[PDB]
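Everything below concerns the one structure shown next.
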Amino acid sequence: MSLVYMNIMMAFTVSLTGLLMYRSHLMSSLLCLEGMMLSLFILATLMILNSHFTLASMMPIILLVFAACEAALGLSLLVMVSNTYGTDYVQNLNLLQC
Amino acid sequence: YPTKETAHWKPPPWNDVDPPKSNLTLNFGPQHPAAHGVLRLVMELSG
Amino acid sequence: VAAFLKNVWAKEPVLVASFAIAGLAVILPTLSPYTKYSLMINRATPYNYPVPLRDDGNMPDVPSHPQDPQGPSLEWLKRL
Amino acid sequence: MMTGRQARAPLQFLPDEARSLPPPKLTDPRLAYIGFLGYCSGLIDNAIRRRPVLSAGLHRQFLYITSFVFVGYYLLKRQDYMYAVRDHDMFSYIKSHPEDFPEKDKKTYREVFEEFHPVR
Amino acid sequence: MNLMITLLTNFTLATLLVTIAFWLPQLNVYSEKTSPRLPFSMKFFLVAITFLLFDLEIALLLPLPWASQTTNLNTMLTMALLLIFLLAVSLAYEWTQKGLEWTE
Amino acid sequence: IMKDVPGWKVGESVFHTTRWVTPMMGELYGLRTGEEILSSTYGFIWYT
Amino acid sequence: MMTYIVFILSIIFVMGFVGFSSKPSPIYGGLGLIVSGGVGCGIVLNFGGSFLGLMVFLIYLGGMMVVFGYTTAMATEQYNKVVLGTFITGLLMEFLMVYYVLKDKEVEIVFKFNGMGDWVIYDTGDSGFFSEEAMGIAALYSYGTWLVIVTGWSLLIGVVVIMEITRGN
Amino acid sequence: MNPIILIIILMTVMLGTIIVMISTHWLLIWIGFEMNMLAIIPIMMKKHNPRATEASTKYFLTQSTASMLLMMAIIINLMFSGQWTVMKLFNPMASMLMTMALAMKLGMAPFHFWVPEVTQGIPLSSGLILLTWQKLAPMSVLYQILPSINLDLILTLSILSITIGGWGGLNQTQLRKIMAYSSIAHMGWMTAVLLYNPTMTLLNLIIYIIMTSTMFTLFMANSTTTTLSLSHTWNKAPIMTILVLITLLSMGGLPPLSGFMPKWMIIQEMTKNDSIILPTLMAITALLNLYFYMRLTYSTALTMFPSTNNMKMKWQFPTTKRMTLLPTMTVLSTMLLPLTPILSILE
Amino acid sequence: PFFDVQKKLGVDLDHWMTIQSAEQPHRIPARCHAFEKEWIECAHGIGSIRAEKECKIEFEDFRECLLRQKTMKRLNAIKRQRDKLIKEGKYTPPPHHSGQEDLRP
Amino acid sequence: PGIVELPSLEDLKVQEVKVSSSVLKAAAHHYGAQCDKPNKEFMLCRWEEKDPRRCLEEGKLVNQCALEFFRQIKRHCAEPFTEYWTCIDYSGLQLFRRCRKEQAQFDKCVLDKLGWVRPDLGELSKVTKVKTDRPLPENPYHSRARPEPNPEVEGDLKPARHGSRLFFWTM
Ligand SMILES: CCCCCCCCCCCCCCCCCC(=O)OC[C@H](COP(=O)([O-])OC[C@H](O)COP(=O)([O-])OC[C@H](COC(=O)CCCCCCCCCCCCCCCCC)OC(=O)CCCCCCCCCCCCCCCCC)OC(=O)CCCCCCCCCCCCCCCCC
Ligand SMILES: CCCCCCCCCCCCCCCCCC(=O)OC[C@H](COP(=O)(O)OCCN)OC(=O)CCCCCCCCCCCCCCCCC
Ligand SMILES: CCCCCCCCCCCCCCCCCC(=O)OC[C@H](COP(=O)(O)OCCN)OC(=O)CCCCCCCCCCCCCCCCC
C-alpha cells in the first residue's frame, strides 16, 4: 500500500510505546494518548479523502470531538491527582497495591 | 499469605478514606510609581 | 406573568433578549410563508449533471429539448 | 449458531410461527417449579427484613409467585419455540442433503463379528 | 505553493527580527552586572475546560454555512437549533451549579 | 520498454473484470516528467 | 523531491512523535506535539482536506493543546540520558525504514508498502462547483442526525461530568 | 451527588452500552464506548477520596488505551475493506488489535492489572456496575466479530485469565479484590467458549451477572468490604450468612446450583469440537476459585467468628437499605439448574 | 447481543455511513463504487462462509481498487526497468513523455 | 488477467475546440440551446455504457457540432461575441453579472442574424429524453453470475421430538 500510511501507523506505534512506557509524568502520558488520537485522525482522513468516500468526511471530526472531550476528562483526573499529591507523578498512585 | 515483598502492607482504612496529607503570600507594590510609589503591601491571597 | 416579565426585564435584560431571540428563532420558520421557497430554491440549484433518459416511447412529461414547454420550471423564482 | 435464522426478523420474542406450536399447560412442572421459586423469593424477602416468614405480606408473596409464573410462561414458550426451530432446521438440512446422510446398511449380529474378550 | 513561500517568508522575517533584537544590543559592551509550586486555582482550570468543551461544540457548529444548502432543510434546521440549544444547556448547567463563579 | 523482461503481459489488467476502470494518477502520469506530475497532482491544492 | 512532499512531511511527523513520546518534560512534549500536529495538518492539507486541516489547527492545536499547555503550567515546575537515547533510537529505526523503502521501493513491517511518492494514488477527475469533503461534512446536519444527537449528548454529559469530578464533594 | 444528575449519568452509562449493542457502524461502537467511560467516571468518584481518584485514573488510562486501539483496528478495517459494517474484520491485524482492545476493556489477563485496583478503589455499587454492566458491551462486540477472531489468541487470553483469576484470589482478604479476581476467571470462562458456541457465552454472562449482583448486593446490605467485617454478619443478620453461603457455593460451580450450569455447558460445547484437554484444565483451575469462595464461607457462615460489644446496639435496628431484588437474585443464582434448557432463549 | 433495533423499528440510525455505495450528498461517487457494489451484490444473503469462498474475485478486485497494490507494484516494475534501460542507454524517452508535444484539448 | 483494449491514436484524432474557457462560458447558453441533441446522445451513452471507449463516436459528433456552432457564430456575429467574451474574460471568477450590456448586444445580434433564443433560468438543467438507435447496455458492470442463495425455510413448525434433548430433561 501507500507510503504515507507506513509513517502514520508508525507514528501511532511510537506514541503507543511512549504511552505504554511511563517515565514520571501523567501529563506526558496524556500527551502520548492525544498523539495516538492525532495519528488516528490523520490516518482516517487520508483514507477517506483518498477513497472519495463523501459521508465519512464527518467521521474524523466526530473522532476529534469525542477524544478531546476524553482528553478533558483525563486532564480533570490529573488535576484531582495533582491537588491530592502536589505533583502529577504516576509513582504517587500506588495506594491500591493493598 | 505474607511474604518478604508484601510485608510492609497494611490494610486500607475502614471507610476507604485516606488523610489529605495553603494560600499565596504576595509582596505587592503600586504599578506605576507616579502617584503613590512608596507603598508596600504584604498580601495573603487565596487565589 | 406580567409582573415576572417586567421584573426580569428590569433585572436581567440580556437574558430576556436572549430567550426572546431564541424563541423567535425556534417558532418563526414554521410560521413563515417563505420557508417553502428555501426548500424550493435548494432543490432547484443544479449541482450535478441532468443525466438524460432513454426515450422509450411513453414519457409525455419529459421534454426533448431544454426550451420545450414540458418539464420543471423556475418562473416562480424569476418572479417571486 | 442459529443467529442467521432470527436475523431476517429481529427482536421478536415470540414469532408468528411460534403460534403453530402448542403452548405449555398451566400445570407444567417447569412452570410450577418457577412458581415455587416465586414462593422462595417471597420467603427470602420476608426473612431478610425480619418479617414473619410464612405469614407477613401474603399479597407480596402472591405477587412474587404470580410474577415468576408470568415471566416463566413466556420463557417456556420461547424455549419450546427455539428447540422446535432447531429440529425443523435439522430435518430440512437432512432432507436437502441426502448425499451427506446415507441410510445405513444395518447388519444383524449373525454377520457382525465382535472380538470376545474373556474375563478370567 | 505560494502559501508555503509566504509562510517561509513570514517565518524568515520574524526570525530575522528576533535574531537582530537579540544580537544587535550585544554590540555595545556593557558593564557586566555582578550584583544580585505555584498556587493552584480550580477556577483557572475550569475556565479552560469549559473553553475546550464549548470549542468542541463550536467544531460541531462550523459546517452550518455549508449545511444550509441541503435539500433536507427541516432536519437540518432541527439539528442546527438542537446543537446551539445543547451549547446553551451546557452553559446553563455551568451557570446554575456555581461553575462560573469568581471568574464569572 | 518491457521487452527484455520475461513473462510480461503488456497492457495486463490488475483487475479480473473486463469492466472499464477509471485510471489512477500514476497510471496516466507515470512515465512523464516530474513537472507535469506536480502540475496535475498537486496543482489545484497548491493553487494560491 | 517535490513529488515526495507528503512523504517528507510524514517523516517530520514521525520524528516529532519520537520527539515528544520519549518524554523530556510535559512542556517540551507539548511543544513536540504542537509541531507534530502542524506537520500532520500539512499532510492532510496536501490531499485536499482543507477544512479538516483547519479543524486540526483550530480545534486540536487551537483548543485542546492550549488546554494541555495551560494545565501543564499549573502542574509542572519551571527551572536526560533516557530521553535522548530513546530519541536517537526511534530516529535510527525511522531512518532505517526510510532507507529500506527508498532503496527497494518496497518494505514489509506489518503490511507491504510502496516506495514511490503517494501522488500516484490520486483521482484524475474534478468535483465540479463543490468540495466533496465540504459536502460530506455538511451532511452532518441532514444525514448525521443520530450522530449529532449522541455527540451533543456526550458533550453535555461531559460538561456535567467535569463539574462533578472537579467539585471535590 | 444530585439524584437527578445521578439518574442522568446512569442513563448515559446505559445509553453508551445500548449504542454499542444496537449500532451497525464502527464509529458508533467507538462512540458508545467513549460515552460509557465518560459517564461512568463520576460513579467511581462518588465519595471523593484519593483511592477513588486513583482508581478512576487507572480506569481512564486503560479504557482510553483500549478505545484508541479499537479505533486503530477500525481504521485498518476501513483500509482493507472500504466500509464500516460491524461484522467480521477483513484483516488479521485489525482482528488482533480489536481482540486486544476488548481484552483490555474486559480486564482479561494479561491486561487484567487494573481490575482489582480499580474495584478496590471504588464503592460497592460502582464496583457492581463495573463488574456486571461494563462486561456487556465488549462481549457484544466479541459476539459480532467472532468469524474473524483468532482462535489461539482468544484461548490464550481465556486460559490465562482463568489461571490468573484463580491464583489472584487466593491471597486476598478484601472482598472487592476477591470479586475482581472472580471476574477475571469468569471472563476467561466466557471467552473460552465464544468461538465454539456464543450462546453458552451469553449463558455464562447472564449467570455471572446474576451471581455477582447477588454478592455485591449482600455486601452492600451488610456494609462489609473485608473478609473480617463479613465475619461479624452471623451476630447481626444470620439470614445473610445463609445467602452468602449458598451464593458462594453457587459461584464455585457446585451442583445442584446454577453456577454449575455455565461451566457444565461450556465443557459440554468444547468437547463437541474435539477439545478435551482444555475444558479439563479449565475445570481443574476453577477449583482455586472454589477454594477462596470456601475460605469466605468458613469465615462467614460455617463458623462463628468473635464479634465485639457494640454489635448489641446494632441488634436494635433493622436494615433500612433498599435491598433491591436480593431475594430474586438469590433464588436465581442458586435454584436455576432444573431450568437448564432455558438457555435456548438466548439462541 | 446485536439487538437490531434499527431493523425492528425501521429507523436508519447509521446504515447511511456504513458503505461507500450508499446514498451520497449530491450523488458523489466513491472511487471504488462499482467494485464495492459488485462485492456487496455478490455476497448478499449467502452469509460470510459462502461469501469468503464464492465472492473472492469481486472482493479481490475491490481490495485492489482500494489499496492499488498491484497497480503500484506494476508501475514499480515498469519504472525500474525504464530506469535500468536509461542507465544502460538502450532506451530513449519519447517527446510526449518529456513535455514537448502541446497536450490534447 | 486479460489485456486492456485501447483505441489507436488514429481513433483519437478529431478537430478540437481550441478556444478558451471564457470563450466557452460566454457562448455556453446558446451552445446548450443549439447543440442539444449530440450532447445528450453522448451523455446518455456515457452514463449507460460507463466506458469512454464505447462513446468515442458520440464524442466526435459533440466535437463536430461544437465546431459548427462556433463557425456559425463566426460567420455572423464575430465582433459582439469577441467583445462579450473579452468582458467575461477580464473577471477572475468570470462573472456573467459584470457583462450584461455585452451579453445584450451578443444576444441581440444572435437573435437577429441567427434566430437563436437564449435559454431561460431553469431550462438547461431540465432532464430531457433522448431517442437513440444504439442498444441499451444489458450488463454494463460486466457482472458475472450471482451465487445461488441459501434455501428458504418452509413447512409447518412441529414440536421438538421428545423436547429439548439436553441430557435428561424430558421436556
Ligand atoms: C385438566 C387441566 C389440569 C390437569 C392437571 C394434571 C396434573 C395434576 C397435578 C398438578 C401439579 C403438578 C406438579 C408437577 C408435576 C410433577 C413433576 C415431577 O415430579 O417431575 C418428576 C421429575 C422427573 O421424573 P419422572 O419420573 O421422569 O417424571 C414423572 C412425571 O411424569 C413428570 O412429568 P414430566 O415428564 O412432564 O416432567 C417434566 C420434567 C421432568 O424432569 C426431567 O425431565 C428431569 C429434570 C428434572 C430436574 C433435575 C435437576 C437436577 C438438579 C437440581 C436438583 C434439585 C434437588 C431437589 C430439590 C432440593 C430442594 C429444593 O420436569 C421438568 O422439566 C421440571 C423440573 C423439575 C420440577 C418438577 C416440578 C416441581 C413443582 C413443585 C415444586 C416444589 C419444590 C420441589 C423441589 C424443587 C426441585 C424439583 O423428577 C424430578 O424432577 C425429581 C424431583 C421431584 C419433582 C417435584 C415433585 C412435584 C411435587 C412436589 C410436592 C412436594 C413439595 C415439598 C416442599 C417443597 C420442597 C422442600
Ligand atoms: C424556547 C426557545 C429556546 C430556549 C432555549 C435557548 C436559550 C438561548 C439563550 C442561552 C442562555 C444561556 C444561559 C441560560 C442561563 C439561565 C439561568 C440563569 O441565568 O439564571 C440566573 C438568573 C439570575 O441571574 P444571577 O444568577 O443573579 O446572575 C448574576 C448576576 N445577578 O435568572 C434569571 O434572570 C431568570 C432566568 C429565567 C427567566 C427568563 C425569562 C425570559 C423570557 C423572555 C421572553 C420569552 C421567550 C421564550 C422562551 C421562554 C422563556 C420563559
Ligand atoms: C445480553 C444481555 C443484555 C442486557 C441484560 C441485562 C443486564 C443487567 C445487568 C445489571 C447490572 C446492574 C448494575 C447495578 C445497578 C446500577 C445502578 C446502581 O448502582 O444501583 C444501585 C443503587 C445505587 O444507590 P447508592 O445510594 O448510590 O448506592 C450506595 C448505597 N447506599 O442502590 C444501591 O446501592 C442499593 C443496594 C441494592 C442495589 C441492587 C441493584 C440490583 C440490580 C441488578 C439486578 C440483577 C440484574 C437483572 C437480572 C439479570 C439480567 C441478566
Side-chain angles (χ1 to χ4, degrees), chain C residues 1 4-5 7-9 11-27, chain D residues 25-37 39-40 76, chain E residues 81 84-85 87-96 98 100-101 104, chain H residues 1 3 6-7 10 13-14 17-18 21 43 46-47 123-137 139-140 143 201-202 205-210 212-214 216-221 223 255-258 260-261 321-326 328-329 332-341 346, chain I residues 1 3, chain J residues 163-164 166-171:
Chain C
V1 70
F4 176 73
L5 191 69
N7 196 6
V8 70
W9 181 244
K11 294 194 289 186
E12 291 290 329
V14 177
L15 294 169
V16 179
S18 295
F19 285 109
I21 291 168
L24 287 174
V26 172
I27 67 102
Chain D
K25 294 182 180 179
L26 295 175
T27 61
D28 196 358
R30 296 177 294 175
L31 189 61
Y33 177 67
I34 301 166
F36 176 72
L37 297 187
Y39 185 72
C40 290
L76 292 177
Chain E
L81 299 180
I84 306 165
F85 177 72
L87 209 159
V89 166
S90 297
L91 184 60
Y93 186 79
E94 191 74 26
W95 195 293
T96 59
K98 299 292 184 181
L100 301 174
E101 291 294 325
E104 284 88 9
Chain H
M1 189 180 289
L6 177 67
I7 289 171
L10 291 176
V13 171
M14 293 179 69
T17 302
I18 289 166
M21 283 183 174
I43 304 299
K46 187 186 286 187
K47 299 300 293 296
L124 293 173
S125 62
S126 60
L128 176 55
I129 298 171
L130 188 149
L131 292 177
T132 56
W133 183 264
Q134 298 289 313
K135 301 293 186 287
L136 287 179
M139 294 306 282
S140 67
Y143 183 85
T201 292
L202 296 182
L205 181 60
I206 287 174
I207 299 301
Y208 173 74
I209 286 167
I210 292 170
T212 307
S213 296
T214 308
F216 275 95
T217 303
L218 288 159
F219 290 165
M220 285 184 284
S223 295
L257 300 165
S258 75
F260 180 69
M261 183 192 296
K321 295 183 175 67
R322 292 181 66 190
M323 299 174 284
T324 300
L325 294 171
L326 181 63
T328 305
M329 292 181 291
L332 293 179
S333 65
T334 61
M335 288 182 279
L336 197 63
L337 194 66
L339 300 170
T340 304
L346 305 176
Chain I
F3 297 110
Chain J
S164 65
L166 190 62
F167 286 108
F168 55 86
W169 274 276
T170 62
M171 294 185 74

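Reminder, nothing fancy here: chain letters follow the sequence lines and each chain counts from 1. We count ligands from 1, going down the list as the structure has it; atoms in each ligand are counted the same way.
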- Item | Heavy atom of protein closer than 4.0 angstrom to atom 46 (C) of ligand 3 | no

- Message: Can you name the atoms of ligand 1, numbered from 1 with element, that are less than 4.0 Å from a heavy atom of H:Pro338?
- Response: 47 (C), 49 (C), 52 (C)

- Message: Within ligand 2, which atoms have a heavy atom of E:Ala88 less than 4.0 Å away?
- Response: 10 (C), 12 (C)

- Query: Counting each atom of ligand 2 from 1 as listed, which ones have a heavy atom of C:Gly23 under 4.0 Å away?
  - Reply: 2 (C)

- Quick check: does C:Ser18 get an N/O under 3.5 Å from an N/O on ligand 2? no

- Protein residue, atom and distance nearest to atom 12 (C) of ligand 2, heavy-atom basis: E:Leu91 CD2, 3.8 Å

- N or O contact, J:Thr170 vs ligand 1, cut-off under 3.5 Å: yes

- atom 27 (O) of ligand 2: protein heavy atom closer than 4.0 Å? no

- Message: Heavy-atom distances under 4.0 Å decide this one: backbone, side chain, both or neither, for H:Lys46 against ligand 3?
- Response: side chain

- Message: Give the atom numbers and elements of ligand 3 that come within less than 4.0 Å of a heavy atom of I:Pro1.
- Response: 1 (C)

- Pull out every atom of ligand 1 sitting under 4.0 Å from any heavy atom of J:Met171, numbered as shown with elements. 36 (O), 38 (C)

- Query: Identify the closest protein heavy atom to atom 37 (O) of ligand 1: which residue and atom is it, and at what distance?
  - Reply: D:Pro29 CG, 3.8 Å

- Message: If we count only non-hydrogen protein atoms and require a distance under 4.0 Å, does atom 34 (O) of ligand 3 qualify as touching the protein?
- Response: yes

- Atoms of ligand 2 less than 4.0 Å from E:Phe85 heavy atoms? 5 (C)

- With a cut-off of 4.0 Å, which atoms of ligand 2 are near a heavy atom of C:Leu15? 19 (O), 34 (O)

- Task: Dump the intermediate steps for side chain to side chain contact (heavy atoms under 4.5 Å, CB included) on H:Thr214 and H:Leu325, then the final yes or no.
- Result: CA-CA 9 Å; H:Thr214 308; H:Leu325 294 171; over 6 Å; no

- Specify whether the nearest protein heavy atom to atom 9 (C) of ligand 3 is under 4.0 angstrom away. yes

- Considering all protein heavy atoms, does one lie under 4.0 Å from atom 71 (C) of ligand 1? yes

- Message: Which residue and atom name correspond to the protein heavy atom nearest atom 24 (O) of ligand 2, and how close is it?
- Response: C:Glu12 OE2, 3.7 Å

- Task: Report the part of H:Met220 in contact with ligand 3, treating N, CA, C, O as backbone and CB onward as side chain, heavy atoms under 4.0 Å; options are side chain, backbone, both, neither.
- Result: side chain

- Item | Least distance between heavy atoms, D:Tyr33 atom then H:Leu339 atom | CD2-CG, 3.7 Å

- Between H:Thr17 and H:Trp133, do the side chains contain an N or O donor and an N or O acceptor separated by less than 3.5 Å? yes

- Query: What atoms of ligand 1 come closer than 4.0 angstrom to any heavy atom of J:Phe168?
  - Reply: 42 (C), 43 (O), 44 (C), 45 (C), 48 (C)

- Using non-hydrogen atoms of the residue, decide whether H:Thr132 is closer than 4.0 angstrom to ligand 3. yes

- Looking at atom 64 (C) of ligand 1, is any protein heavy atom nearer than 4.0 Å to it? yes

- Query: Using a heavy-atom cut-off of under 4.0 Å, does the side chain or the backbone of C:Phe19 touch ligand 2, or both, or neither?
  - Reply: both

- Query: Is atom 50 (C) of ligand 3 less than 4.0 angstrom from some protein heavy atom?
  - Reply: no

- Which pair of heavy atoms, one from H:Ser258 and one from H:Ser333, lies closest together, and at what distance? OG-O, 2.7 Å

- Query: Which bit of J:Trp169 gets closer than 4.0 Å to ligand 1, counting heavy atoms only: side chain, backbone, both or neither?
  - Reply: both

- Message: Tell me the closest heavy-atom pair linking H:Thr201 and H:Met139, and the distance in Å.
- Response: CG2-CE, 3.6 Å

- Query: Looking at H:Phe216 and H:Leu124, what are the two nearest heavy atoms and their distance?
  - Reply: CD2-O, 3.2 Å

- Message: Taking 4.0 angstrom as the limit and counting only heavy atoms of D:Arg30, give me the atoms of ligand 1 inside it, by number and element.
- Response: 62 (C), 63 (O), 64 (C)

- Task: Check each atom of ligand 3 against the heavy atoms of H:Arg322 and keep those under 4.0 Å away; list them by number with element.
- Result: 35 (C), 36 (C), 37 (C)

- Polar-atom distance check: H:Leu337 versus ligand 1, any N or O pair below 3.5 Å? no

- Within the structure, does at least one protein heavy atom fall under 4.0 Å of atom 19 (O) of ligand 3? yes

